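Let me begin by presenting the structure, written as structure tokens, before commenting on it.
In this chain, numbering begins with 1 at the start of the sequence shown. Numbering of ligands and ligand atoms starts at 1, following listing order. Heavy atoms only: backbone and side chains are in, while hydrogens, waters and symmetry mates are out.
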Amino acid sequence: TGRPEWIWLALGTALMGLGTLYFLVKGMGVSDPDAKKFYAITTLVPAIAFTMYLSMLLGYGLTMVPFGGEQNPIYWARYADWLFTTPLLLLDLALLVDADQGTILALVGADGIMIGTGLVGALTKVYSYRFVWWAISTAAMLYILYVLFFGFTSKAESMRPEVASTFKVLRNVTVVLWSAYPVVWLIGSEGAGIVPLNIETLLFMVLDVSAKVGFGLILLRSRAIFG
Ligand SMILES: *C/C=C(C)/C=C/C=C(C)/C=C/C1=C(C)CCCC1(C)C
Ligand SMILES: CCCCCCC
Ligand SMILES: CCCCCCC
Ligand SMILES: CCCCCCC
Ligand SMILES: CCCCCC
Ligand SMILES: CCCCCC
């Protein structure tokens, strides 16, 4: 089919793959128990992204949805990725600052709601109702971010300096990167249809690699993950 976005799906496959392999090799060599947990979680993240990026490349996870008088291409496979990857990233953050079980449950619950409503949105046929689901999803996201910013940061300042400092970086990457997703969806093929699907994929590829491989590099190279 040779769809124009394929190139970025192919580069995302390769970046996710390499990052998975690198983290696996590095994880395999660690014996510290606490470090191992971070390695497992953090290797699985780009691994999942890899599979989803590869699938999309090979033309799975793509469906046509009718709205605004057109058949719009929607990659639902991203949601299958983010369903598991986003809460895993939150888990890494939560274990870093030793967050309470209840906070974790709430964050993972809110995250499910973000991704589930984002997907309903993406698949909705009434143009205006697409944006209602988008709004509910953005809300859930903002809850998350609030918690990371106000709750976790506060928790991190009881910890050793390298733990507080590593957390702040990861928190800052997370806030900046995550906050861009809803904007992309809004202006792109799922929303207003302004940014073309080729460029939108580029944007999501950049954000995904940054949010998983970038995040992962900073986390796993830090001294904070040793118990
Ligand atoms: C590795 C992938 C990451 C870190 C993906 C993050 C995705 C989000 C923060 C998605 C947020 C969305 C909304 C807030 C509303 C509309 C739909 C979503 C799912 C793109
Ligand atoms: C009301 C949402 C505010 C989010 C702040 C996150 C840094
Ligand atoms: C404090 C580190 C800055 C990250 C911002 C761009 C991801
Ligand atoms: C992080 C995005 C907040 C809502 C959309 C603003 C254009
Ligand atoms: C104490 C956390 C409650 C979680 C329900 C979403
Ligand atoms: C950031 C998107 C700009 C591409 C042209 C609509």
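Because its NZ or CZ atom is both nearer than 6.0 Å to the ring centre of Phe67 and within 45° of the ring axis, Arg130 counts as a cation-pi partner of that residue.
At the shortest separation from atom 4 (C) of ligand 1 among protein heavy atoms lies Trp178 NE1, 3.3 Å. Looking from atom 7 (C) of ligand 4 to the surrounding protein, the closest heavy atom is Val183 CG2, 4.1 Å. Among all non-hydrogen protein atoms, the one lying nearest atom 20 (C) of ligand 1 is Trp82 CZ3, 3.7 Å. The closest protein non-hydrogen atom to atom 4 (C) of ligand 3 is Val173 CG2, 3.8 Å. Considering only non-hydrogen protein atoms, atom 1 (C) of ligand 4 sits nearest to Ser179 O, 3.1 Å. When only non-hydrogen protein atoms are considered, atom 3 (C) of ligand 4 lies nearest to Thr138 CG2, 4.1 Å. Nearest protein heavy-atom contact of atom 10 (C) of ligand 1 is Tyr181 CB, 3.6 Å. In terms of protein heavy-atom proximity, atom 1 (C) of ligand 1 is nearest to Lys212 NZ, 1.6 Å. The nearest heavy-atom contact from the protein to atom 12 (C) of ligand 1 is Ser137 OG, 3.9 Å.
Between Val195 and the choices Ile187, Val183, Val184, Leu186, the side-chain contact (heavy atoms from CB on, under 4.5 Å) rule is met once, by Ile187. With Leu148 as the partner, the side-chain contact (heavy atoms from CB on, under 4.5 Å) test is satisfied by one option alone out of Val175, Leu170, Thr174: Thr174. The residue from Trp8, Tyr75, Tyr53, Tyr181 that alone fulfils the ring-ring contact (aromatic ring centres under 6.0 Å, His included) condition with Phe204 is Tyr181.
Of the listed options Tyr79, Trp134, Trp185, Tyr79 places a heavy atom closest to atom 19 (C) of ligand 1. Across the listed options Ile218, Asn172, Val175, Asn172 owns the non-hydrogen atom lying nearest to atom 2 (C) of ligand 3. Atom 5 (C) of ligand 3 has its nearest heavy-atom neighbour, among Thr174, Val169, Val176, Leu170, in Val176.
Contact annotation: for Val184 versus ligand 1, there are no heavy atoms closer than 4.0 Å.
Judged by distance alone, the side chain of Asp32 and the main-chain N or O of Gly227 form a donor-acceptor pair under 3.5 Å.
In this structure, the separation between OG1 on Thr20 and CZ on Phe23 is 8.0 Å, given to the nearest 0.5 Å. We find the CD1-CG distance between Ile41 and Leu93 to be 10.0 Å, quoted to the nearest 0.5 Å. We find the OG1-CH2 distance between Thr63 and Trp76 to be 8.5 Å, quoted to the nearest 0.5 Å.
Centroid-to-centroid, the aromatic rings of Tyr79 and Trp82 come within less than 6.0 Å.
Close approach of ligand 1 to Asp208 (heavy-atom distance below 4.0 Å) involves ligand atoms 1 (C), 2 (C). Residue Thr138 approaches ligand 1 through these ligand atoms, each under 4.0 Å from one of its heavy atoms: 14 (C), 15 (C). Within ligand 1, counting atoms from 1 as listed, the ones closer than 4.0 Å to a heavy atom of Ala211 are 4 (C). Listed by number with element, the atoms of ligand 4 under 4.0 Å from a non-hydrogen atom of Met141 are 1 (C). Taking every heavy atom of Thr86 and a limit of under 4.0 angstrom, the matching atoms of ligand 1 come to 3 (C), 4 (C), 5 (C), 6 (C).
When side chains are defined from C-beta on, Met56 does not count as touching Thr201, because their heavy atoms never get closer than 4.5 Å. A heavy-atom distance below 4.5 Å is found between the side chains of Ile74 and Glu190.
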